[PDB]
């Protein structure tokens, strides 16, 4: 029932530029958004949880902001290893809107 629409599908940036990814939730998920990074050949890994809170073992250049149903992942200084697909996850397994993934984003560094 929950539908995460991840607006930018592909974003390329020169190093040192700021990338802004936006997810839109089909319903009010409040603090239940979390951002994940995946690179080819390997399982994903946590970036952000409870929508503002940086995960352990992650560089601090990653930001996120809940505003209503519009959630934002903001990377300020980009680097090369930032080339990867990013997803937002939202909801909860036992919520009437079951947990749902966004369409995904591809980040390639020039």
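Positions refer to the first chain, counted from 1.
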{"query": "Between 2 to 10 and 101 to 109 (mean CA B-factor, as deposited), the higher", "finding": "101 to 109"}
{"query": "47 to 55 set against 69 to 77, stretch whose average Cα temperature factor tops the other in the entry", "finding": "69 to 77"}
{"query": "Third of chain Cα B-factors occupied by residue 62", "finding": "highest"}
{"query": "Chain third (lowest, middle, highest) by recorded CA B-factor, residue given as residue 95", "finding": "lowest"}
{"query": "Where the record places residue 21 (Cα B-factor, split into thirds across the chain)", "finding": "middle"}
{"query": "For residue 38, the third of its chain into which the C-alpha B factor falls", "finding": "middle"}
